[PDB]
Each structure stands twice: as structure tokens, then as C-alpha cells.
């Protein structure tokens, strides 16, 4: 009915024992890949609550960031020892599956230790991992399935959802992507506009961008070959990503200070 061997008995750092059952083990991916999962059952009606997969981006970043720092049942404190219960946990209304993916990410691994991969292989390995989850947890097969993710998971989730939609045994109901990479062109063009209107670039750099990168109204900051344009975009990339501004939150400080 459930893998009793994967069940977390007493998790260190928790002052109170959880009201929900939680599991930590491995899901079989493609080839010799073993993906580490941490599954947190719903705090309210786990048997009927939806099954929600969570994937962090990178590529190469762990989904345990999602659990311990974002929306998990308990969050890690600055001491790196204490865990405090999260009153806004996504597991309050859902059975949340945090999957460290692809192989080599966090506790996930492969027998041959070859971690070179691509979008198509990752989606197929994640699909086989989901199939293994349903083999390990058969009581969750008919539950509403939602595929969720962050950043590069903007590629991970829709590609995985395309494979899941072809499998009628999986009760797919939807997908959610947080600050996701959906299009490189749409992201690159909007960021240059974001940078100027958030006061990171001046009128001199912007006038040069509008004159050289653009034609009347339409701007190309993605694959433009104009000489002054490529020069201006190199400066934009320096201000936005390598000047001391936190790219993940403009109004938050840069951890470790300005280089």
C-alpha cells in the first residue's frame, strides 16, 4: 500500500512530531538513475487530497530548497539545526512530492555517475520516476495530479506534462510554474525594459539601446547583430547580473556583499 521502509520516523530539529506521514527514498528514473524524493502527505485528508510534484530549477538545483526554504511543512532556521513548522505550507491541502532531479542533484545519483543530460532525457526520467512513485504509493493513483515548479522548471514541467497527458493512468489536472523560463527571447527582451524602468540603466544607455537595438517600436535584445547594440547589451548584463544587485530580488541585499 505504501513503502514503510522509506517512512521518516524521527526527523532531527523538529520540537513536535508531525500530524502527517512523510517519506524519503528513491524513485527509479531512466537507465541507472535513482532520484531522491521527499514526500509530505496532506495535513488535512491525505487520502483524497491532490498529489503535487514540486521541481526546483537550475538546471542542477535541488527541490529540497522548495521544502526547507520555500513552502514545505517545516523551514530550516539560520542555525542549520532547528526546523520550525510553516503555517503557509503547501502540504496543508495537498500531498507534496519534492523530487531532486535530474540525477546527481542533491542526494539523487546514477550507478555509472554520468550526469551529462538534456531537456528530453530529463522529462523521460521524471516521467519514469512518477510511474515508480505510483507503483510505490498505489493508493495515490486516482488522486488529482498537479505538476509544479520554479525557474528552469518552466521547461521541466511543460515537457513532463506533455508525456503525462499521453498516460491515461495518471489523473493529470493541471500545472503551475513559478518565475519560470518559458521563452529565452521573451525573457531577454523584457529584462532590458525591466532594467531601465527599475532605474538600473541611465538615459544615455537607454537612448543608445532604443536607437541601435530597435526599429520604431519593436526592440530586439535577444539575437541582434547591430554593433552598438551588442556593446550596450554587454553593459546591461554587467549591471543586472555582475554589479552587486541581487538578480533574484532587486530590493533584497546581495548575500556576502558587493564583490
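Positions refer to the first chain, counted from 1.
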Original post:
When the C-alpha temperature factors are averaged for each of 5 to 13 and 21 to 29, which stretch ends up with the higher value in the entry?
Top reply: 5 to 13
**OP:** Please work out which of 211 to 219 and 35 to 43 has the higher mean CA B-factor as recorded in the PDB entry.
**Re:** 211 to 219
Original post:
What's the residue among 62, 190, 69, 224 with the greatest CA temperature factor in the PDB record?
Top reply: 224
Original post:
Between 55, 233, 195, 51, which one tops the list for C-alpha B-factor in the PDB entry?
Top reply: 233
Subject >> Third of the chain's Cα B-factor distribution that residue 174 belongs to, per the entry >> reply: middle
**OP:** Among all modelled residues of this chain, ranked by Cα B factor, put residue 138 in the bottom, middle or top third, i.e. lowest, middle or highest.
**Re:** middle
Original post:
Based on the entry's values, in what third of the chain does the Cα temperature factor of residue 148 lie: lowest, middle or highest?
Top reply: lowest
**OP:** Could you look up the Cα B-factor of residue 240 in the entry and say which third of the chain it sits in: lowest, middle or highest?
**Re:** highest
Subject >> Ranked against its chain, the third holding the CA B-factor of residue 182 >> reply: middle
